[PDB]
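Notes to accompany the following structure.
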Protein chains: 2
Amino acid sequence: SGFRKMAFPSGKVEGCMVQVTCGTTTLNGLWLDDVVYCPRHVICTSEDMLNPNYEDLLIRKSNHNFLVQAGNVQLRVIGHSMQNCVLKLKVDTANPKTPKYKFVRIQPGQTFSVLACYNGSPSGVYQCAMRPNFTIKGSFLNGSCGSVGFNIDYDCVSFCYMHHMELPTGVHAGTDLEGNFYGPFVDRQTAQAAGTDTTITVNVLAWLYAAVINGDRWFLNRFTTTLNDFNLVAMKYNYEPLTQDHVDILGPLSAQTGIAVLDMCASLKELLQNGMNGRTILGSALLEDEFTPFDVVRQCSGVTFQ
Amino acid sequence: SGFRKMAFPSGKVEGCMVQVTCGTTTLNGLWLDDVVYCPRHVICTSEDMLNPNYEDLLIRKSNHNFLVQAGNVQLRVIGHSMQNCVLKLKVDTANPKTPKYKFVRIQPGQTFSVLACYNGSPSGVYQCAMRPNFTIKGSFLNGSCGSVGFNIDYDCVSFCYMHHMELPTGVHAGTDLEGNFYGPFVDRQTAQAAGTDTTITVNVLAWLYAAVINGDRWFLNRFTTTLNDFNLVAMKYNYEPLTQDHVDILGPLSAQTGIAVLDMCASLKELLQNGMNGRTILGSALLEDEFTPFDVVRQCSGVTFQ
Ligand SMILES: *[C@](O)(C(=O)NC1CC1)[C@H](CCCC)NC(=O)[C@@H]1[C@@H]2[C@H](CN1C(=O)[C@@H](NC(=O)NC1(CS(=O)(=O)C(C)(C)C)CCCCC1)C(C)(C)C)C2(C)C
Ligand SMILES: *[C@](O)(C(=O)NC1CC1)[C@H](CCCC)NC(=O)[C@@H]1[C@@H]2[C@H](CN1C(=O)[C@@H](NC(=O)NC1(CS(=O)(=O)C(C)(C)C)CCCCC1)C(C)(C)C)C2(C)C
Ligand code: NA
């Protein structure tokens, strides 16, 4: 037993990280088959960032201006193109370590693993949620740009995130691997509206189910509620509305524990209204919302990967 | 910026995990050079566990009773020996993926990465501390036994933990890779004393330094204290005594922030006495104690690995 914020094993993704340099900027690229993907702002000077014209900056660059290094070994760049906010560098060698992969655009409230990298070398691995306002709460220093987020579906790596930039709140924005920003963000260093950071209600419930499965049961009560009554209380606390689809998604957890979703919602309502009275759930004093129902099922049933 | 509980990249360790079966028990082994290490209780029936005589159980077993599988491929066992609470299975093939490695016995308060595995297949990766009472707060289901804990020192993997058993509190006990239990534990299914779980004071301070570096500063105050006065307050809250060695170890963090350790101790004293008044530090409502000063420096300076 026990329940931890757990990342996917990073081996298949470690074999894909390279270093990409353009001028004085060094960051990370993703090497899959004969393409290296990296943030297009690798081409920018610190002045360019304020108001970049990426088409105009990119025109000044040739293949030989993109230095791509795989560990100690230099890769030959035979092509470059911009797709949305990523550069695709065509190299003359297919990555021999390319795993089975796809590019997926994740939904808000879904989780993924980040392999934080610096100079093309993996630093560490952690779990993130795509927040309802399309930010993530990561750990990214200077040099971490081009670090990727992924899920593993048995042997297949689904890449969903590339790291580009930091908001003033210290949260993180980036693109899918087609170079489309999550959320309203643009790769320019100017004031930009981030949404209210709402709590992923369905994830909080999943985690309460995890707690009960792991024998933390103090917050169970004699009460029930309705979707409509729960949602009236939740909206006041900036919780996402709970839907019948969410009830259905929690089915395995309600089935395993014998605790109806609406009864668990009654527990959550009391915890929101009363707080935790200095008590903890799975060693947390806050309601955790970065575990999906799938994450909980997965970790409470224990299925593995390639 | 941002600060997360981050594991080491798991690739070098994923290449070492195998499945080990003896009778009806399947668990995980660690394959390094031509040796597979696994918990000796792989040999036990469910009845044996109550009061096992491992020498007597092991005598009934031959090399051909230990089924060792590396992905789909069977390994030939040419020898077996017991060292303390681990079995060493000699196989006829050196693991071609053996990284540079050592076996280290970690100190209480030190952290490491766990690669949770089932049937020899890596499931996920998370960070643990060796608690002052020589337990860890992991995520381990049936099948997870033989899962290992490690640190990476550039290219060298230091293995420090093998998972064996769960305490009634839901925390975890296991051995170093020489098969010596951390703490007072023995591999028998009988009532066993676990120590009080004290907080790793030096780690809490490291994390407060991380918070200040990441701009969470609300808990800084106008006050200072002394080691002796801090320790009087801490002992009441089951915090480890703070020593001058701990002050010296925080040196890089005090140097980077310009905040004397004793001034940070003054902040911690107020947080212990007053609580957090519903506020959070690095998105936590509790004082985090599973980050070492090295972990904080590492993640706030960003150095990488092989
Ligand atoms: C990344 O490219 C990298 O690792 N570079 C290598 C060379 C070291 C780098 C990572 C920064 C620290 C994690 N990313 C960037 O430099 C991007 C690009 C330039 C500026 N930033 C960036 O992250 C900005 N943040 C930023 O501009 N954010 C906003 C504007 S803002 O923060 O509200 C403010 C107006 C500056 C106050 C714009 C984007 C949407 C969110 C807000 C900082 C360097 C200031 C952290 C690009 C092109 C955005
Ligand atoms: C592990 O071997 C494994 O993954 N096995 C494969 C086949 C599935 C397995 C993991 C268990 C769940 C994580 N480990 C064990 O089975 C060990 C071995 C037998 C029993 N346990 C074990 O973890 C016990 N816990 C246990 O006995 N703990 C105590 C005693 S106790 O919990 O206080 C009590 C008396 C039972 C109430 C003894 C060890 C020190 C801590 C306390 C449980 C199966 C009950 C979880 C071994 C030999 C210890
Ligand atoms: Na917390």
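The numbering of chain B matches Swiss-Prot: 3264-3569, in order.
When the header is checked for method, it gives X-ray crystallography, 1.8 Å.
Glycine residues also receive a Cβ, built from the backbone N, Cα and C atoms like all the rest.
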Record (Swiss-Prot) lists ubiquitin cross-link for one of B:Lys3353, B:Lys3532, namely B:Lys3353
Recorded positions B:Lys3268, B:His3304, B:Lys3353, B:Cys3408 with CB under 8 A of any chain A CB, in sequence order, are B:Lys3268
Three-class DSSP assignment, B:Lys3353 (ubiquitin cross-link), comes back as strand
What DSSP gives for B:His3304 (active site, for 3CL-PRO activity), in three states, is helix
Restricting the recorded positions B:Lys3268, B:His3304, B:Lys3353, B:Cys3408 to those with Cβ under 6 angstroms from ligand 2 leaves B:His3304, B:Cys3408
Argmin Cα dist to B:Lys3268 (ubiquitin cross-link) over the recorded positions B:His3304, B:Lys3353, B:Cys3408 returns B:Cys3408
Note: in the chain of B:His3304 (active site, for 3CL-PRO activity), residues six or more apart in sequence with C-beta under 8 angstroms of its C-beta are B:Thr3288, B:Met3312, B:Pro3315, B:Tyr3317, B:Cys3348, B:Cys3408, B:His3427, B:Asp3450
Row B:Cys3408 (active site, nucleophile), column other C-beta within 10 angstroms, all chains, value 25
